[PDB]
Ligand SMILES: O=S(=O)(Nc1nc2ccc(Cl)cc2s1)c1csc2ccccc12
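Shown below, as structure tokens, is a lone chain in the form deposited without the named molecule; questions about how it binds or moves come after it.
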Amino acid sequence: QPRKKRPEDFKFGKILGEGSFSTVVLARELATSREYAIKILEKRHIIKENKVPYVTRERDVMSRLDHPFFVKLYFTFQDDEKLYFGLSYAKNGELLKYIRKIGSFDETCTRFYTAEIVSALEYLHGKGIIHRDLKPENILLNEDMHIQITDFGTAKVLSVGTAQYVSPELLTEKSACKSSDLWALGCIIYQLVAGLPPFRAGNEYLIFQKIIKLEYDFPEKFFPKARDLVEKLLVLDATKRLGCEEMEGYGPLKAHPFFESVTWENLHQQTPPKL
């Protein structure tokens, strides 16, 4: 392996993202002219706020992963005050931005991007890893417009996330499983099509109320096969969500009529439909 990298090895530029206890900064490595998204954390702050387990979890998970649809951790280093994680730079930023930009996806784009997310989760879950906070904000887009999923501090490795995407089991048990990610997937599909998350309200409490009641509905202009699929994912009983182990996994999920024209084997090699 190459020698440990250091801050002076890079020219730092603009801020790419702000976390609860971290900041992601675009950086160019001088020797290679390569661009990385460097996540910077203050050791003192992480210790003071008892965040060490989240930092460690993200490092350990983002290292075990080797798949095109996930942001990769290339290297780490530190100076007296800070930790630096060198991550893949996804030039086109957050999926959330594109949803806001174009309003709502047509069926061809919904299907392609939904398929990449499903394919990514199949990989992740096959490694016994659960994301636990999947959302448009951490589904990034590469220069090529393929997804790259990031933000793994909340992940769990098998032996409360963002309000709008929280699964019922978190609200009623404080427990999460692979199926929690599938619930998130259902919300994300709904949002790609409707342009809005399914569970919306004045505040967090009211959102949680709707979730545990499964109180939401489809606009008239919702692709019917997408609706059927969403209905098989947004299910209160976590053991009855399409894709989960008790439902026999990813086979039946990928075989859903909404994905009829999808070629699953090489999505990363296909050219994404123009947004």
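Quick note: we count residues from 1 along the sequence shown, nothing fancier.
One more form of this protein, solved in complex with the named molecule, exists but is not displayed; see below.
Within 4.5 angstroms, counting heavy atoms, which one of the listed stretches 38-46, 213-221, 232-240, 245-253 is next to the named molecule in the deposited bound form? After filtering at 4.5 Å, what remains is 38-46.
Is it the case in the deposited bound form that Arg59, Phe77 and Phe85 each bring at least one heavy atom within 4.5 Å of the named molecule? Yes.
Since only the chain is shown here, I'm wondering whether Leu206 would be in contact with the named molecule in the deposited bound form (any heavy atom pair within 4.5 Å). No - in the deposited bound form, heavy atoms of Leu206 and the named molecule never come within 4.5 Å of each other.
Examine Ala31 and determine whether its closest non-hydrogen atom to the named molecule in the deposited bound form is within 4.5 angstroms. Judged by the heavy-atom cut-off of 4.5 Å, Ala31 is well away from the named molecule in the deposited bound form.
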